[PDB]
Structure formats: C-alpha cells, structure tokens
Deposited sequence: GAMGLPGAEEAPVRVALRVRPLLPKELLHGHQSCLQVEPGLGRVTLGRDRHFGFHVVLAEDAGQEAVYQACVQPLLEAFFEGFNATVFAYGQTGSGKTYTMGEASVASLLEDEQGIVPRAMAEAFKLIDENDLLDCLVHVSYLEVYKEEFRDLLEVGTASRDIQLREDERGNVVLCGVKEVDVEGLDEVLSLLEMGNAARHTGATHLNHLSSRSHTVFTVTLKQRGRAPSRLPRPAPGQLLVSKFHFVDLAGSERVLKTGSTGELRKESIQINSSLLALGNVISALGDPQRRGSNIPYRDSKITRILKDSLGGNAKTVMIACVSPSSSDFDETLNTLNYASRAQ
C-alpha cells in the first residue's frame, strides 16, 4: 500500500562513432554492488545497476516485470527512461532480441490475460506526445492540442479528455499502432519532446470493475545549456519530494507540468514506479553523465 520510486541505472556500450572520435569510457560499473564510479573518485549507488553487457531481456526482468505483476493486481505503474540524447532511452523503452521494454511487457500482459481465466479483461492503449506543454495524439493527430485536456477526478484518478483509446487483443495489434504513431510523429525534435504510451487494463470477475494503468514514458533529452522552468525539473522535484522523508508526506507539486499531471496517480504513493536513468560512458559526455547520476540520486 506504499512503495519507493525504484531507480535503475543503465550504462550503454561506447558506440563505434565515439571510439573513432578518440573517446573512451569514464565509468567503472559494478552491477553486483549496485554501483558505479565516474572518473577517479565519484561513487554512486542505485537500486539496480545494469552494465553495457546487460541485454534487453535482462533490463526487462530487472526493472519492469515486477511492475507488470502489480498492474494486474490493479495498481498503477510507470516506467520512464531519463537521460541525455544519445544515452539509450528509446532503445531501452522499445516503442520505436533487440526489442525493448514495451513489446516484452505487452507480450507478457496478453499471456497473463490468457492465464487468468476467471477474469474478463479489456485492454486499450493511448499514445501521446508532449512538447512545450501541448499534447499531440499520435493515434489520431487530426486532434488539435487545445482539444485534449488533462483533468483529475474526486478520487484522485487522472482523467484524459479528448485522447484516442484503442482496444487491443494481441501484441500484433499493439505493434501496428506503435508503428503508425511513430510514423505520425514526423509527418520539432523527438529529443525535445516526451512520449507517453499508456495501457489501461479493466478486469471484471467471471469469464475471461478493477482498472489500472501502465505508462511507458520516453522522456525528452536531459542535456542542459548551463527554478522549476522545465518539465524534467518539475518531474525531478516531484520524485525528490517522494524520496525525501521530510517532504514525502507533504503536498507533492504535480501541477507544475503536464508530464507530472498525467502521471499523478501513477507516480509513487500507492503506485509502482521505476526510473531507468540511461547514461553514455563516453568521456565526451562526462558532464551530462554527472548531471544524470546526480538527478537519479535525488530520487533515492
């Protein structure tokens, strides 16, 4: 009935391009100790640390599978990928073998539905982009931003008005929708916008209403030019508050951004949340890697 935000760090390999430009790793990663060392003497610990050799299935098992279980119990869940552009958020979240979190979680969801034969289940999905505090519905997109509203009901549940929700019965249908949403996003950068893929599960007793939501979010790139003036800083403020024993029982400032408002019922409290902080090990990215390590640390 209450749980901390779980923070996972994912370190990707140094990329060919980075190697060819003369860069080398500035991170020593110790997965079994749950920790990393930046440069010579900057040490950071996280709930889960995944090294460059951790494959997609390993990330999914470490970070996401336990959310999937709470989702079917009727808890809300979110997994978000955070980090600078180029760090591996999209690769990790898998919405665009090498398949990422979304296809694996959806594959498992439909198997669970098949297994729970005493429940009658309905699943629908929405797929939204947030850019400069305006929504675009990627499954419609003929939808004016002004016609999508984010509200909250009396029981604290987030209510979307004007967003397309599509019933799905299998992974094939989910993959098809993701392909079209991703096509629709282009015909403004993907690294300056957030995307939110929301899966809603409605379960009723007898013969395959408890309602839960699982959000999969691929956040805007965290890089900075160098107080709360950005959606990433609003999200960081919220997760900081939740992780702070003095602040966590006080008023959590969800209202500051659309991203924190849409996740309000699915971020800490009674919901289960995992942040996957993605980092480049490249020495060329030292400063942004430090920024992400520090941001992720504030959530613990």
Discussion item. Let me make sure I understand the coverage. Which parts of the deposited sequence, in order from the N-terminal end, have no C-alpha coordinates here?
Written reply: 1-8, 105-111, 203-208, 230-239, 258-270
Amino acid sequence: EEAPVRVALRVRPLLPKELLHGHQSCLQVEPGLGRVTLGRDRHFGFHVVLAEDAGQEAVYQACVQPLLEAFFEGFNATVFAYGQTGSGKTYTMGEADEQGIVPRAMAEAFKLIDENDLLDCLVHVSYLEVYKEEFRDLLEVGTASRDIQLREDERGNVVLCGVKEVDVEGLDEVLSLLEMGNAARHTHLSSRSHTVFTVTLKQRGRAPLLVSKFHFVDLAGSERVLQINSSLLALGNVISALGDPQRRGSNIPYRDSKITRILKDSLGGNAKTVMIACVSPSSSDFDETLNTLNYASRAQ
From here on, numbers count along this sequence of modelled residues.
Worksheet item: As stated in the PDB record, which stretch has the larger average Cα B-factor, 146-154 or 87-95?
Response: 146-154
Discussion item. Which is higher on mean Cα B factor in this entry, 74-82 or 97-105?
Written reply: 97-105
Fill in: Top residue by Cα temperature factor, when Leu171, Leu118, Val166, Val159 are compared in the entry
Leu171
Worksheet item: Per the coordinate record, which of the options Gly45, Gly236, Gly32, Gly39 holds the highest CA temperature factor?
Response: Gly39
Worksheet item: Thinking about Cα B factors across the chain, which third does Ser190 belong to?
Response: highest
Practice prompt. Tell me, lowest, middle or highest third: where does the Cα B factor of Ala3 rank within its chain?
Written response: highest
Item to complete: Would you mind ranking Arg206 by its C-alpha B-factor against the rest of the chain and naming the third, lowest, middle or highest?
Response: highest
Practice prompt. Place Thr200 in the lowest, middle or highest third of its chain's C-alpha B-factors, as listed in the PDB entry.
Written response: lowest
Worksheet item: Once the chain's modelled residues are ordered by C-alpha B factor and cut into thirds, is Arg247 in the lowest, middle or highest one?
Response: highest
